[PDB]
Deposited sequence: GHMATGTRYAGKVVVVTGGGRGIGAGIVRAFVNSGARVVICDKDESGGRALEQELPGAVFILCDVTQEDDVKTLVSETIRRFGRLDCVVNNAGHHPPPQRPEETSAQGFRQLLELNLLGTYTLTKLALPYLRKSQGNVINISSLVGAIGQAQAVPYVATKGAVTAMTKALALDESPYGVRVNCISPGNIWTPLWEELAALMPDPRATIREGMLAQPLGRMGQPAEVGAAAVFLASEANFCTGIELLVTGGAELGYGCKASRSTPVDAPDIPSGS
């Protein structure tokens, strides 16, 4: 309740899924939180539910939306300590030949350039507060994923960008880290599974992809984010895996 008292946090895509779990974790640590989302439904209800969280409608791909997000955060709360770049999307499975450069550009706009834009606009205020940036990347940026060339590329970019920016902002006391979740049970996971011939089988495979035998929860990503913000003062440029061990060992993926 006090680990991050008196601090101000912006969470993009905070209306549902991982983002909402990160919102709740920061509120529970004593922070005031600005929920940014392009859709009103979840975020507006979360603002009613949580004292200390407020909702601001903002599409992170629209630069003037993000400019307003930052200026309204400062106007209303007087400081900015942490930005969590969580907004992002996973398209359905697509074979390489079914992808397009246009679709690839549009996904880069959300998953990469939206993170870039908010970070850039927030950094002057984070420097004043010796605050920090937390990017939500993905395990599959590191190890790959099938039928997801554009998504994997965007997350490779986020993880790498995190390290570059950590180098540049270290002289100013601003840390820049990322979390790479694996399979987290969210509305996006549920939506993608419902597209499959056997959704139930897809979900069962997703649970057994982890040595721990289950998918992760938004609250567990949220706890990792609170750690990075509030207690990881000698961490910068790290990639914090929240994956249940999916990257470990051999699995189903004589010598001719």
Missing segments of the deposited chain sequence, listed N- to C-terminal: 1-5, 259-267, 271-274
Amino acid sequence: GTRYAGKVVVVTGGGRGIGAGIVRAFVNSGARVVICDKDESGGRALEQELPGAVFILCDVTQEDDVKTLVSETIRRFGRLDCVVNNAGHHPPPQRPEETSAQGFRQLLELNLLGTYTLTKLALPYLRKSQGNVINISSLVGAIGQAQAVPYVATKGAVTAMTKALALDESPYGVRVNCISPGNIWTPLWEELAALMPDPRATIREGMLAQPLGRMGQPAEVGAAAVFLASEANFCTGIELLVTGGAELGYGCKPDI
From here on, numbers count along this sequence of modelled residues.
Entry B factor averaged over C-alpha atoms, 193-201 against 50-58: higher for 193-201
Between 215-223 and 62-70 (mean CA B-factor, as deposited), the higher: 62-70
For 131, 92, 144, 88, the deposited C-alpha B-factor is largest at 92
Among 171, 156, 150, 181 - the residue whose C-alpha B-factor is largest in the record: 171
What third of its chain, lowest, middle or highest, does the C-alpha temperature factor of residue 81 fall into? lowest
CA B-factor placement of residue 21, once the chain's modelled residues are sorted into thirds: highest
Modelled-residue ranking by C-alpha temperature factor, third containing residue 208: highest
Cα B factor band for residue 102 (lowest, middle or highest third within the chain): highest
Grab the CA temperature factor for residue 37 from the record and place it in the lowest, middle or highest third of its chain. middle
